[PDB]
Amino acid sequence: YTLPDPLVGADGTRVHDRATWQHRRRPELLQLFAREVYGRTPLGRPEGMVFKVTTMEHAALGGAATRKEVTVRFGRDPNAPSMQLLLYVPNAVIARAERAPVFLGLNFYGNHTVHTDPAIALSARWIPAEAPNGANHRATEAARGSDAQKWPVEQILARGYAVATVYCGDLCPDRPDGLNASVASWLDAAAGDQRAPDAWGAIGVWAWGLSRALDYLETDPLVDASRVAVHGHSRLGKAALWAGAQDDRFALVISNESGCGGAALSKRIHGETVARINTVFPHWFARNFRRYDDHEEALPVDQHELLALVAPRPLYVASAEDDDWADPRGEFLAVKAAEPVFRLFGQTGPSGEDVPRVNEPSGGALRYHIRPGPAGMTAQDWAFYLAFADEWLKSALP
């Protein structure tokens, strides 16, 4: 392989300065990613978003948090599509009359799965067969807390951070035909049916939902919507990256083992490849992305440039040692190839020229770690993330 330079403009002239990066090269790159990889986000904030707090409990989790459930509707007519946002806020922070920074991320199988809390509404949306304890693609009481191992709510709250989450399937059910029951179809004027070659897929729709959750957080007096870390795991980390790259309101971006079309270089043929991801998940990317099946050498961008699009906001990319499918070396190498952009903004990336040893993170505002074991999002990943947030999540001061 060999990589496009993020700091050489499409026209061959080199980017020496942050204004050229922000004003010229960044929109160049966003347009290549939209057209060739994820598909075009057709609009940002839709007019007439309505926010409806459906439940409010001030002594959730034994008194550690205030719990809010918020229907976020994407237009004013009661018949517009919506997503259900779940939010825990640490009462220690609220009690001081201070607004909490926030970790925001989508979940794989429903809000009711991220914690056992019996008060969380059971999703009414389609649930995939892979979800633990489902009954006919329908949430059951038995699925409560079924994904809590990826969601250390109480430790996050105790470290001073709110936790917000939405089920990705509220935005686009993760099934090959999900875009026809998604926000894409309501919003992309589904008069014709076949989506256009550059129409967005699930990843673009998941990412847009993250930006819509932030629109809500900006209205919530308990949180500081200027200090939101957007995160996700695996395919939802592909979305967190794309959301963080497109929407520079996000204070901090975390990619947990996001792999192919996430943080891993595509031009590095290793583990999952473009052809394989599109064949198995035809609805994740633009149809245009299939042009690069077995032809990654013709991609005009690579994922290091998606990572560079977060700069100068703090970015964390992390791998699992045994998760070859995500190509941890290629995730690490993406980070190194984006470093020159972060260095333009005076940030520092990982020390050393290839993969650090396990559980030894590296880098300043651009940071990487690889941890032992298979794919997942462990207590060890989260401990590094919380330390990272402590260090680099914009303060509540100048």
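Quick note: we count residues from 1 along the sequence shown, nothing fancier.
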- 186-194 versus 70-78 - which carries the larger mean C-alpha B factor in the record: 186-194
- Query: Comparing 328-336 with 356-364, which stretch shows the greater average C-alpha B-factor in the deposited entry?
  - Reply: 356-364
- Per the PDB entry, which option out of 369, 26, 45, 58 has the greatest Cα B factor? 58
- 303, 116, 246, 219, ranked by C-alpha B-factor: the highest one: 116
- Note on the structure: Binned into thirds over the chain's modelled residues, the C-alpha B-factor of residue 38 lands in the lowest
- Task: Pull the Cα B-factor of residue 49 out of the PDB entry and bin it into the chain's lowest, middle or highest third.
- Result: middle
- Query: Going by what the PDB entry lists, where does residue 255 fall on CA B-factor within its chain: lowest, middle or highest third?
  - Reply: lowest
- B-factor third for the C-alpha atom of residue 64 within its chain: highest
- Task: Please place residue 279 in the lowest, middle or highest third of its chain by C-alpha B factor as given in the entry.
- Result: middle
